[PDB]
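In this analysis, Cβ positions are derived from the backbone assuming ideal geometry, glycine residues included, and neighbour counts consider all displayed protein chains. Coordinate-derived values only; no laboratory data.
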Amino acid sequence: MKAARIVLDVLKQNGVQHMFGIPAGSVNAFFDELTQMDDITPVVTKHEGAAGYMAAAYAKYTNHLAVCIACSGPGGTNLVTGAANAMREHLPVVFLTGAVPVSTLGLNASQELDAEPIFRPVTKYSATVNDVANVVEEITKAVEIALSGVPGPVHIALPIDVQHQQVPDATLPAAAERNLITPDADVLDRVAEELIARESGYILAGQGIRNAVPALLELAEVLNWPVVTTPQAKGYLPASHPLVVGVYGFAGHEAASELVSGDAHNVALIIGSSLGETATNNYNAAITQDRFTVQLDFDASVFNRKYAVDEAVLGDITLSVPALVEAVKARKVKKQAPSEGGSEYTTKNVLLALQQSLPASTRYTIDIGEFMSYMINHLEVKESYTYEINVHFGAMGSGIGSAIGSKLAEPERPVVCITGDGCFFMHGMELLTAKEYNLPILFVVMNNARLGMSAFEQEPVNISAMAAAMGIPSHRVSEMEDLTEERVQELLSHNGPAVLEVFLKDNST
Amino acid sequence: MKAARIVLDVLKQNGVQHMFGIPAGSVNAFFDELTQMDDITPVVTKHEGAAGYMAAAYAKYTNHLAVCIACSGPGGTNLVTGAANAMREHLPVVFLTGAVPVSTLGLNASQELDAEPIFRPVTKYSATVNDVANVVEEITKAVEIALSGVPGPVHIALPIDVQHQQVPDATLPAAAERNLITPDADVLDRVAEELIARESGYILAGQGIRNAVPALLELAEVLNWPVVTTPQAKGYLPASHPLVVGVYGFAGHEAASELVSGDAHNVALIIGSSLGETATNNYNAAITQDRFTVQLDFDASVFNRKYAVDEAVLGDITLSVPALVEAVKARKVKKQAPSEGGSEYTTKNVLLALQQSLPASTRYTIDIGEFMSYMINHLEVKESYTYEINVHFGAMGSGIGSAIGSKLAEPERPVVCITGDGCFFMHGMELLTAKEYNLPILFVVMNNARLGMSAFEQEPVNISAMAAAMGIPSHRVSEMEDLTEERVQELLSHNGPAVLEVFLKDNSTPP
Ligand SMILES: Nc1ncnc2c1ncn2[C@@H]1O[C@H](COP(=O)(O)OP(=O)(O)O)[C@@H](O)[C@H]1O
Ligand SMILES: Nc1ncnc2c1ncn2[C@@H]1O[C@H](COP(=O)(O)OP(=O)(O)O)[C@@H](O)[C@H]1O
Ligand SMILES: Cc1ncc(C[n+]2csc(CCOP(=O)(O)OP(=O)(O)O)c2C)c(N)n1
Ligand SMILES: [Mg+2]
């Protein structure tokens, strides 16, 4: 086999059904072999940066591997943003870059650039494979590292000559198993006793609970403790659950900060949050002040970064939370008022009117802009897994990319992307990618003709008109009367992308 | 005297009048200070990747410093492509990134990322400045390094708290002097002796001649030798000059290939070319085989990479070529047929028809796509400085960026950007940037609904209609009759960008 096809066969054997990126000469050994592979679809994007946002979302929502591929040089460096994002999110994305021939590196070959040291700071593993005899050990090694321990992105560079050489030994390795960080059962036995013993506490749930939501809720029930989520984890716990108070942190709820900053709960049970800027209201001491601190995390670096932890529970949440529930069982709230929408033409009232016209199962993918604060603070979490938020790396356009990744990984779930004017100018040509793959996504663009959150203000663009010129259904909302259930429904009914442009210069905070 | 403000004072003192990038929280000390500065215009782009392409072009055509600025995290990483390009092009672009506060790195602050080691492989110098007391030494050093004998991009990351801190000593260094590598006068005199003695030869001119075209042409005249240019240097020597044969290399001319590969010229005088893939027809030996090889370059790494050089002349071309002309003066051809346009609706014929409607002074900024080969092989070089080509790093959308950079640095020169649908979907939103800054640029979009050069083929997009929805004048061409002088002329007469979309599924093979 050609080296390029063995690399795809390893990805296929590991369950990959999509590859995101842009074809070119230095990566068309890959694309010309995907001509004859019914099991893998290349998803051609308009910018490789967006391909990385899609891959991360795809990895997140398939709970497995994702893949990007880009040409040597400019394609590879356009992927660095997507890898930095995936690295911060602990998502297992393989970044495949072309390379110029082994013989001609150093000679200013066309699109020459050694990608290995550029990807090294934003990946768990990075390698340029300069010998066809090492291709299977390197793609195999990259795949196990991406999926093992604390998952993360990896980068493999394949010179174009190597891509076409035959691999000496084509034997395929088995599919990688995720090697989870296993929790110390002795530690869990003691923590359970210490949670009983100290009687009162609260749970701060970050996004690390995302694969153990039923267990996380059962632990709160067994302890009868209230739960607050980080802004990033807003969509993991339904507002209907009697123990779920709301969001603590950036754009968070008054009921949740009154809990955290009061004198009522002895234990701070921190489950799956790195306790960064947006989870802690810029490192406010209230979360753990005058409390006993228990933190559950699989990344050992996170403990005692800023908040001293009395019990650090190293281990994967999908092992330790269900284990903790069994240990607590063997040994033995206020809430946030939902927000009410109104008639005045405000970002708050537009988004709330929007929510009441959409299925309860809708996943909101939220881009980076002022509208993010209203989504986090005002909209209701109707069911679990419904808010794709990034308040970490926060790349503009990652909301657009995550809508496309989510619709590819979980087609049965409806998707609305809440984005903005500036995010549309950066990555809104991907809507053409959504069109080519026939993906039903409603893109709600909040056009305020400024990069908010006179160089900042622009002459307004008719984004609804741009969408129509792209052959994409759209409506422009310029008043509240324009936002009708009939229009929202008629847009979601299309088999492909649609744009609801909300032209709204709201000067509120 | 805040640190972000002293950084702009150093940039202002070094002649910088524009800064390209996208504002955000982590760099808004800079933009909030650019409100108080009449001398510096921020150029807000739609993607920071394109901001780096504009900066590189802006650096090139003002022949001096340029500056990009991006937010910590995703802004900074989006500039990496733009820096890799400036690095390969030896262009003096300063890359400024915000950073999270010094106190909070390691704690997962919002948009936290240490950019220093990411920029290190694609810059001459990279540094995260963690002490306000070290800020003036760091921007000062970055500028001196950017403007080196071998110019290049530099990266300075400034934590957002440092940006707002007062600097301890506000003494400003003088403006950096751009360095020019000095050639050894003994080497130049010996080379001159060997050009006289060996009688015949030819010049291979790369883009390192861009700042010494009149000296370069005089040296050819004094020696009476033919000149071939690299594809990248196509636009530096006019077709009218009797010694200029044409382009050798990617998409090059057969008259130039016949010269290089014939048995006629004793000396291969290579002036300002790294002898990379597109300059040598993928490392073909004809350039120097059985010839006496002399190479002029300011980068000492380029000599003997692949072609053995008998005399390497380290030095800046604007010093050594004029010196060589004086040394040769003291001690003492079949050109490529111009291309003829036709009626057939072909890329070759559309582009030659285009050129017959544009001022001779037009600069073409050429994006990355199949149309590139037709531009290099077929269009006429009417006067010098008119072909912004990239056949090196070759970032899609760098053609779009280079037009905006060119129009800002050299407003009096008309600009036409030859681009494609794939480059339009990548960075076409930058036409909105041209609109905001009232830059008259004609964007010719070669739309074949595929990514040239089932996955490659797309449903066609009406890019002319997209342009009209953006408030941009446009015409769609679907037949040769649609490409009229009146229409090109009406588009070029607009005070802002305009789009001429050439919807053309041409299946001929590119040069
Ligand atoms: N399955 C898991 N088990 C344990 N920890 C996890 C798991 N998945 C993610 N995490 C951890 O959860 C944290 C998520 O924090 P972060 O990404 O900052 O989100 P948030 O904004 O919700 O705090 C990280 O520290 C990561 O190590
Ligand atoms: N003023 C100058 N003096 C000397 N060398 C220069 C000058 N400007 C650019 N160069 C050099 O010329 C070379 C340009 O080669 P390259 O960028 O590959 O263009 P081309 O494709 O025309 O060969 C580089 O080696 C660079 O060092
Ligand atoms: C950032 C980046 N990604 C990928 C490439 C590879 N590449 C070179 S040409 C090309 C196709 C060109 O597209 P378009 O503008 O449509 O040209 P056309 O199809 O009209 O020839 C691609 C994808 C690149 N140059 N830069
Ligand atoms: Mg095309």
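With N residues in the stretch B:1-89, what two-decimal value do you get for its Cα radius of gyration over 2.2 N^0.38 Å? Show your work: numbers first, answer last.
On the way: Rg = 12.4 Å, N = 89, 2.2 N^0.38 = 12.1 Å.
Relative to the rule-of-thumb radius for its length, the stretch B:1-89 sits at 1.02.
For all pairs of alpha-carbon atoms in the stretch B:264-408, what percent lies in each bin of width 10 Å, listed from the first bin to the last filled one?
Pair shares across the bins are 9, 28, 33, 23, 6, 0.
Please give the Cα centre distance for the stretch A:220-241 versus the stretch B:316-374, rounded to the nearest Å.
Using only Cα atoms, the two centres lie 67 Å from each other.
Please list the three semi-axes, largest first and in whole Å, of the ellipsoid equivalent to the stretch A:347-503, using sqrt of 5 times the eigenvalues of its alpha carbon gyration tensor.
Numbers: eigenvalues 80, 63, 55 Å².
Equivalent ellipsoid semi-axes, largest first: 20, 18, 17 Å.
With N residues in the stretch B:208-289, what two-decimal value do you get for its Cα radius of gyration over 2.2 N^0.38 Å?
Details: Rg = 11.8 Å, N = 82, 2.2 N^0.38 = 11.7 Å.
In units of the globular-protein estimate, the stretch B:208-289 measures up at 1.00.
For the stretch A:96-124 and the stretch B:417-441, what is the separation of their Cα centres, given in Å?
So the separation of the two Cα centres works out to 29 Å.
With no solvent and one point on each alpha carbon, what is the Debye value of log10 I(q)/I(0) for chain B at q = 0.07 Å⁻¹?
Scattering profile of chain B, log10 relative to I(0): -0.41.
For A:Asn130 and B:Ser384, FRET efficiency with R0 = 51 Å and r from the beta-carbon atoms, rounded to 0.05?
Details: r = 42 Å, r/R0 = 0.82.
FRET efficiency, B:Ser384 to A:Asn130: 0.75.
Can you quote the Å³ per residue value for the convex hull of the Cα atoms in the stretch A:334-383, rounded to an integer? Walk me through the intermediate numbers first.
Numbers: hull volume 4.3 nm³, N = 50.
Value for the stretch A:334-383: 87 Å³ per residue.
Students often get this wrong: which residues of the stretch A:18-50 have the backbone nitrogen under 18 Å from the point 7 angstrom along Cα-to-C-beta of A:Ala170?
A:29-40
What percentages make up the Cα-Cα pair-distance distribution of the protein assembly as shown when the bins are 10 Å wide from 0?
Spelled out per bin, shortest first, that is 2, 11, 19, 23, 21, 13, 6, 3, 1, 0, 0.
Quick check: Cα centre of the stretch B:266-297 to Cα centre of the stretch B:448-511, how many Å?
38
Over chain B, what is the percentage of antiparallel beta bridges among all DSSP beta bridges, to the nearest 5? Walk me through the intermediate numbers first.
On the way: 2 of 65 bridges.
Counting DSSP beta bridges with both partners in chain B, the antiparallel share is about 5 percent.
Would you work out if the stretch B:126-174 is rounded, prolate or oblate? Take a ≥ b ≥ c from the square roots of the eigenvalues of the alpha-carbon gyration tensor; rounded if a/c is under 1.5, else prolate when a/b is larger than b/c, oblate otherwise.
On the way: a/c = 3.50, a/b = 1.60, b/c = 2.19.
It is oblate, given that a/c is not under 1.5 and a/b is not larger than b/c.
Please report the orientation-averaged projected area of the stretch A:399-479, defined via the convex hull of its C-alpha atoms, in nm².
On the way: hull surface 23.7 nm².
Averaged projected hull area, Cα only: 5.9 nm².
From Cα pairs below 8 angstrom and at least 6 apart in sequence, can you work out the relative contact order of the stretch A:47-147, rounded to a whole percent?
Values: 142 pairs, mean separation 27.5, N = 101.
This gives 27 percent for the stretch A:47-147.
Quick one: putting +1 on the C-beta of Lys and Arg, -1 on the C-beta of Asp and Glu, what dipole do you get for the stretch A:185-330 around its Cα centre, in Debye to the nearest 20? Present the calculation step by step, with values, prior to reporting the outcome.
Numbers: 8 positive and 18 negative charges, 74 e Å.
Computed charge dipole of the stretch A:185-330: roughly 360 debye.
Which percentage, to the nearest 5, of the DSSP beta bridges contained in the stretch B:347-503 is antiparallel? Walk me through the numbers before you get to the answer.
Working: 1 of 23 bridges.
The antiparallel proportion sits near 5 percent.
For the protein assembly as shown, what proportion of DSSP beta bridges, expressed in % and rounded to the nearest 5, is antiparallel? Working shown, then result.
Details: 4 of 130 bridges.
Taking every DSSP beta bridge within the protein assembly as shown, about 5 percent pair in antiparallel fashion.
For a test of the definition: using alpha carbon positions, the gyration tensor, and the 1.5 limit on a/c, classify the stretch A:18-68 as rounded, prolate or oblate.
It comes out oblate by the Cα gyration axes.
For the stretch A:3-164, what percent of Cα pairs sit more than 29 Å apart? It would help to have the intermediate numbers written out before the result.
Working: 859 of 13041 pairs.
Tail fraction, whole percent: 7.
Using the C-alpha gyration tensor of the stretch B:185-330, what are the square roots of 5 times its eigenvalues, in whole angstrom, with the largest one first?
Numbers: eigenvalues 80, 54, 46 Å².
They are 20, 16, 15 Å, listed largest first.
In deg cm²/dmol and to the nearest 500, what is the mean residue ellipticity at 222 nm of chain B if only DSSP H runs of at least 4 residues count, each as -39500 (n - 2.57), divided by the residue total? Each step should come with its number before you reach the end.
Details: 19 runs with 170 residues, N = 511.
Mean residue ellipticity at 222 nm (helix-derived): -9500 deg cm²/dmol.
What does the structure give for B:117-128 when I average, per residue, the other chain Cβ atoms found within 10 Å of the residue Cβ?
On the way: counts 5, 10, 2, 4, 9, 6, 0, 0, 0, 0, 0, 0.
Per residue, the number of nearby Cβ atoms from other chains is 3 on average.
For a protection proxy built on the mean count of beta-carbon atoms within 10 angstrom, sort A:44-51, A:63-70, A:357-364, A:435-442 highest first, please. Walk me through the numbers before you get to the answer.
Working: A:44-51: 29.0, A:63-70: 26.2, A:357-364: 16.9, A:435-442: 18.5.
Ranking, from highest mean packing down: A:44-51, A:63-70, A:435-442, A:357-364.
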